[PDB]
Structures are given as C-alpha cells and as structure tokens.
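A.B. asks:
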Amino acid sequence: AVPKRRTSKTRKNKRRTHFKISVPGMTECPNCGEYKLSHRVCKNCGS
Amino acid sequence: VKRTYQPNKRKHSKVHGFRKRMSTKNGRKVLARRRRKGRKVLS
Amino acid sequence: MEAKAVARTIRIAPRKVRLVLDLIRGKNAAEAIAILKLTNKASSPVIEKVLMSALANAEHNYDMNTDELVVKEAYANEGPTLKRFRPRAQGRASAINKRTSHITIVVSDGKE
Amino acid sequence: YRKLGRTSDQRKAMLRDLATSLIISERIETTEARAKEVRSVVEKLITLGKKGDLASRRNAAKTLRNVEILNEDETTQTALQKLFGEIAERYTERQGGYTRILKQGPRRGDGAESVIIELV
Amino acid sequence: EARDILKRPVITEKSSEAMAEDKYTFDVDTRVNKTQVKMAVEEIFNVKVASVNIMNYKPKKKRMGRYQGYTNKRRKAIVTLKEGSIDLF
RNA sequence: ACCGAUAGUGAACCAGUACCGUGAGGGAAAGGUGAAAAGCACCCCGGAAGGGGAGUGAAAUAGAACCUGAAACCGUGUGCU
RNA sequence: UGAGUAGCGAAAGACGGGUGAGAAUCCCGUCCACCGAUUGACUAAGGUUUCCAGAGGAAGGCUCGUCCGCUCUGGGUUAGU
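Residue numbers (the deposited numbering), protein chains in the order written: chain Z, 2 to 48; chain B, 2 to 44; chain Q, 1 to 112; chain L, 3 to 122; chain R, 2 to 90.
#1: Does the beta-carbon distance from residue 9 of chain R to residue 41 of chain R come in below 9 Å?
#2: With distance defined between alpha-carbon atoms, name the residue in R:31, R:48 and R:64 nearest to residue 23 of chain R.
#3: Could you name the residues of chain Z that residue 35 of chain Q contacts, counting a contact when the two beta carbons are closer than 8 Å?
#4: Using 9 Å as the limit for Cβ to Cβ distance, is residue 105 of chain L near chain Z?
#5: Could you work out which residue in Q:43, Q:88 and Q:111 is closest to residue 70 of chain Q when comparing CA atoms only?
#6: Can you list, in chain order, the residues of the region 3–30 of chain Q whose Cβ is nearer than 8 Å to any Cβ on chain Z?
#7: Does any residue of chain Z bring its CB to less than 9 Å from the CB of residue 118 of chain L?
#8: Excluding the 5 residues flanking residue 17 of chain Q on each side, which residues of the same chain have their C-beta closer than 8 Å to its C-beta?
#9: Using a Cβ cut-off of 8 Å, which residues of the region 37–54 of chain Q contact any Cβ in chain Z, in chain order?
#10: What does the alpha-carbon distance come out to for the pair residue 48 of chain L and residue 92 of chain L?
#11: Can you tell which of L:33, L:5, L:45 and L:20 has the C-alpha that lies nearest to the C-alpha of residue 90 of chain L?
#12: In this structure, what does DSSP give as the bridge partners for residue 64 of chain Q?
#13: List, in order along the chain, the chain L residues whose C-beta lies closer than 9 Å to that of residue 42 of chain Z?
#14: If we ignore side chains and look at the alpha-carbon of each, how far apart do residue 56 of chain L and residue 14 of chain L end up?
#15: Work out the CA separation of residue 8 of chain Q and residue 66 of chain R for me, nearest whole Å.
#16: So residue 72 of chain R and residue 83 of chain R are supposed to be a Cβ contact under 8 Å. How far apart are they, rounded?
#17: List, in chain order, every chain Q residue whose beta-carbon is nearer than 8 Å to that of residue 21 of chain Z.
#18: Can you tell me which of the three DSSP states residue 19 of chain B falls into?
#19: Quick one, which of R:7, R:51 and R:21 has its alpha-carbon nearest residue 31 of chain R's?
#20: Where does residue 1 of chain Q land, buried or exposed, given buried means 16+ other C-beta within 10 angstroms?
#21: So what does DSSP say about residue 35 of chain B, is it helix, strand or coil?
#22: Tell whether a beta-carbon distance below 9 Å holds between residue 22 of chain L and residue 69 of chain L.
#23: Kindly list the residues whose CB is nearer than 8 Å to the CB of residue 81 of chain Q, restricted to its own chain and excluding five residues on each side of it in sequence; keep chain order.
#24: In chain order, what residues of the same chain lie with their CB nearer than 8 Å to the CB of residue 50 of chain R, ignoring the 5 residues before and after it?
This is the structure we're talking about:
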C-alpha cells in the first residue's frame, strides 16, 4: 500500500498529459464590445 | 477521560513554595543550584 | 518594443496558477482578457489584474498601440514557502506547505 | 424527479419556502437545479388560483406559508389573498408558461451556475 | 505628606459623566487608604468630602516586536463632595 | 605555525532566554546595505500588496539588501529525435 | 516523490434588502426548524484581560471574509451589611 520506488520526472510529466483546462464558448456580442458566455443573460444573450 | 495535573493555586505554593524550599537543607541546595545556573524563576 | 509587469509574493500554489497561464500564451491582448473573464478559477482574477498593468505600461512609458499587442511570454516562478502544523491521530503532527508565486507577463507587438 | 441532496421532509419544506418567496417579489435568484424544481410547483399553485373555488383555496393553503406583504398606502395582505387576487387576474387567457428561467454567471464561493426565475 | 498621596487627576468619558455631580476621580498611591485620601483632598482644595471609593487594577501586559513587559499597578479613587467645586482646567 | 558563525563557551544577536516537564531537571534557532541615508521627490496600473518609468549613487547593492554553488529541486524558449 | 491524492471533527436552512474593489460565509427583516431536567439560568475550582468602542485581517483562525467566543492599534471592575 506504499510506493515501492520513487517516481521520476519523466513518468510524473507523462501522467499530467490530460490534466488541463479547456477554452469556453465565449459568444460575440452585437452591441456591447465585451464578450459573454453562450445562452447567458447580458447584451448579447448568445448569437 | 480524567487526565493528570489538576490545577490548584494553594497546593502549588504549599509544595513548590519559596518558604517550603527554605524549611529543609536539601531544598536549600536546589535554590543554590538554580542560582548558580542563573535561572530567572527560582520557584 | 516590449513591456512587462510582475506580481511578487502571490498567496497561491504555482501548480494551480500554471493551469490558467497555458490558455493566454501566444494569444492577443483582447482575446486573453475575454478568456480570463470566462475562466472559472481563483487565479483568473489575479492574473487579469497583472495583464491590465502590463498593457498600461506599454501605452504610457512606450506610448505603443494597445489595439495590436500580443502576449509574448507568461510564466510563474516559486517564492518563499511558509511552514505550518496541524495535529494527527496520536501525539504526532503533520506538516503543511503554504507556497507563494511570482507571476510575470511580457506584452509585445512582434516588431524589433 | 430530483432530490437536491436533502431529506424527504427537508426537501418538502424548502420547496414550500421558495414557492412563497417567488410570489412575494415575483423575481428570485437561486441555483439551476432548484430553479428547475420550483418551476413545476409554483405553476400548479397559479392553476389552483385560476379556479377560484373554495376547494382550491383549502388546497392552496396546504403549500403556501403564512406571510404578510406590504403594498403602497400602508396596505397589508397575506400571500394566499395575493395569489387569488391580482396574480389570478393577470394570467386568465394564457394556458401554461407563467414562470421563465434566465441563466447567469457562476458564483464566487463555489462553481454553482446561478439563474433567475421570474413570472412572465 | 498630604501632597504625594495624589499623583494626577483622570480625564475620560466616564469621569466627565461622573463630573456632572460632586464626584471626582484621582490617581492615588498604591499604599494609602481611603481615610488618608479624604484627609488630604479636603486640605488641598479646602472642601467637604462626603464619601470615598477605592479600586485596584492588575498590571496589563504589553509588547512591540520582540519586547515583553507589563504596566504599573494603579489605584483609582472617586471622591464625593458635600458642597463646593474643583477648578480642573 | 588557537577558532573564524554547523567552528569557538550552551550563549558574538532577544541565553540559561522561545519552548518542554506537577517537580528535581532538560535546553535551542538566529552575525554582514553603502565611503556617506544621499532609504527611490514625481508620474502611470491597482482597493492594497506589488510593479513600470524617473531620480540619488562608482554600482540597486532597496531595507526576505556583500559573494549566492548546489545532490538539489521548479520553470520559459529553442537545434536534432 | 506518493498527489492535486486522503482529509476539511456537533442542529436544516429559504429568499429579500444593506454595505463594499470584491459576499453561499458580515449586518438588518420575514418565514422555517433544533435543544427542551437541557447546546437554559446561576455560584465555586481554574484561566488571567479573552470583556467595551473605533480603526485593520497584511500573518493566524482546516474554504471565503468587508469578519471568525477571533487575532494586530484606545478605554473599563466603586461595599459599615
């Protein structure tokens, strides 16, 4: 129930391949200038 | 669970008091020993 | 030219602030600002304040156009770590690490 | 149906509270999950109010709480009276709808998608 | 004697409210009783004392960056006059 | 032909002191800006912290301030794969 | 390194206003609920300023904080019974 051998920098960096965030929708607004989330409440309300 | 060392003002000064240490010969040695070391608190 | 802004002693683990720094690396100032206002993290608000300061320095000290800037570099180094303690099962005590971070952003127009 | 991470009684109590709070100001802001559960509870209350018969009154008093609304010119009235009053008059030609949901941004404390439920 | 017994007067929001009537607060020595206080305040301001209240104060601990220490013991005293006043500018 | 801050006294600094034990008793860690504070007026981003300029200085050396290696460790960018 | 993994130790909360750079967590209001021979009200042992007000949470309080029985800066305890 305890690590038999210490993990190296290669194996440790290989396990963190899918560990990341993803860019959101960010729908353009028709009259505001700033961006907004899709299907949200603002000046764009999606597109 | 009932632990040890029950705080008590009276008893504390009636066992480790300065007058109690100056009532015997062995107790006097303790004071002399602590004084030699340079302890701030004698009792 | 090139303009930069750094934030020292930022109370936030460097491994958590390096996840939001891989979303605005090589993007435009406009896009970057929009991506930081849509990201749901505890570093976005702090990183957004640093990026804003970097743009102001390039429009005042260098008087460059802020409508054609591009995030060149963006990384986070480690800083002084604080040592804390919390009790365990018996009379043992585990150790806690409160690491900090040194966020840095270099904005440029891509011209010598 | 949803359980909203609560007990049978606790869930039944919360639902009654939300419904009464959505008839006092007619514009409350909460989470999405709770907004998709109180939307099918306040809609049934309005249907009872449209009837206007004694039976419905007693059936509408098994969910609505006991509160005191304050209108203009120092005017007071219980939620039940308001439900069988202006509210009933407003929706009399519309068959269905009543409530409406509007999505918003996430919260700060936790990543909970907050929304806004109001009466059309 | 009858001059070192009283150190200085006390001016606070509580004394001001107690100054409405014939009642004044003074900082006396930490070795004198009430009798001496009443036999030393009516001989310096030439007034008539009705009663005197005394209360002790334990030393308060202080600090200012790697600097421990305590304050000095204080002995408050509230004197009540039967007729007269005190010019406490 | 003693030591030079893990050395030399336990103690070069806040030492028999933080702390630990009912008590006798046990007992640490911690030195260095510059020749002279001349210790960053003033402007900009920001709630602030922090930064970018501008200034003093032979040099920011800027109040986690001589030099600042690693077994370390943590990153960003690139030539071959 | 194990790893963004185990854990985050007592009652049921709902919404509306308010303040603020920032609010699931602070303040006010209306509902709702729990203890109910006690998570109530006293006195003693013990602790020793934790008590009150106005400023700050920059560190600490297992998350957040404009506050946390709460930590950093002013004041408070009156006896012939």
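We put the beta carbon where it would ideally sit given N, CA and C, even for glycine.
C.D. replies: The structure says:
#1: Along the fifth sequence, one-based indexing puts residue 9 of chain R at 8. Along the fifth sequence, one-based indexing puts residue 41 of chain R at 40. Contact: no.
#2: Translated into the one-based positions of the fifth sequence, residue 23 of chain R becomes position 22. For residue 23 of chain R, the nearest C-alpha among the options comes from R:48.
#3: Numbered from 1 along the third sequence, position 35 holds the residue referred to as residue 35 of chain Q. Per Cβ cutoff of 8 Å: 24, 25 and 27.
#4: Within the fourth sequence, residue 105 of chain L is the residue found at index 103, counting from 1. By this cut-off, residue 105 of chain L is an interface position.
#5: Within the third sequence, residue 70 of chain Q is the residue found at index 70, counting from 1. Minimum Cα distance to residue 70 of chain Q is reached at Q:111.
#6: 19, 20, 22 and 23
#7: Counting from 1 along the fourth sequence, the entry for residue 118 of chain L is found at position 116. At least one chain Z Cβ lies under 9 Å of residue 118 of chain L.
#8: The sequence position of residue 17 of chain Q within the third sequence is 17, counting from 1. Around residue 17 of chain Q: 10, 43, 46, 47, 76, 101 and 103.
#9: 37, 38, 39 and 41
#10: Stepping through the fourth sequence from its first residue, residue 48 of chain L is reached at position 46. Stepping through the fourth sequence from its first residue, residue 92 of chain L is reached at position 90. Spanning the two alpha carbons is a distance of roughly 10 Å.
#11: Stepping through the fourth sequence from its first residue, residue 90 of chain L is reached at position 88. The candidate whose alpha carbon is nearest that of residue 90 of chain L is L:45.
#12: As a first step, residue 64 of chain Q must be located in the third sequence, where it is residue number 64. The partner list for residue 64 of chain Q (beta bridge, DSSP) is empty, contrary to what the question assumes.
#13: What you label residue 42 of chain Z is simply residue 41 of the first sequence in a count that begins at 1. Ordered by position in chain L, the residues that pass the 9 Å Cβ test against residue 42 of chain Z are 104, 105, 106, 107, 117 and 118.
#14: Here residue 56 of chain L refers to the residue found at position 54 when the fourth sequence is read from its first residue. Here residue 14 of chain L refers to the residue found at position 12 when the fourth sequence is read from its first residue. Approximately 24 Å between the Cα atoms of the pair.
#15: Residue mapping note: residue 66 of chain R aligns to position 65 of the fifth sequence, counting from 1. Residue mapping note: residue 8 of chain Q aligns to position 8 of the third sequence, counting from 1. If you take the alpha carbons of residue 66 of chain R and residue 8 of chain Q, they lie about 25 Å apart.
#16: Taking the first residue of the fifth sequence as position 1, residue 72 of chain R is located at position 71. Taking the first residue of the fifth sequence as position 1, residue 83 of chain R is located at position 82. With a Cβ gap of about 35 Å, residue 72 of chain R and residue 83 of chain R do not count as contacting.
#17: Taking the first residue of the first sequence as position 1, residue 21 of chain Z is located at position 20. Contacts between residue 21 of chain Z and chain Q, judged by CB atoms closer than 8 Å, involve 19 and 22 in chain order.
#18: Counting from one through the second sequence, the residue named residue 19 of chain B turns up at place 18. Residue 19 of chain B carries a helical assignment under DSSP once its states are collapsed to helix, strand and coil.
#19: Indexing the fifth sequence from 1 puts residue 31 of chain R at position 30. Taking only the C-alpha atoms, the option nearest residue 31 of chain R is R:7.
#20: Here residue 1 of chain Q is taken as the residue at index 1 of the third sequence, counted from 1. Classification for residue 1 of chain Q: exposed.
#21: For the purposes of this step, residue 35 of chain B is identified with residue 34 of the second sequence, where counting begins at 1. Helix.
#22: By 1-based counting over the fourth sequence, the position of residue 22 of chain L is 20. By 1-based counting over the fourth sequence, the position of residue 69 of chain L is 67. Yes, Cβ-Cβ distance for residue 22 of chain L and residue 69 of chain L is below 9 Å.
#23: The residue you call residue 81 of chain Q lines up with position 81 of the third sequence. Here the set comprises 97, 98, 99 and 100.
#24: Start at 1 with the first residue of the fifth sequence, and residue 50 of chain R comes out as number 49. Correct list, in chain order: 39, 42, 43, 80, 81, 82 and 83.
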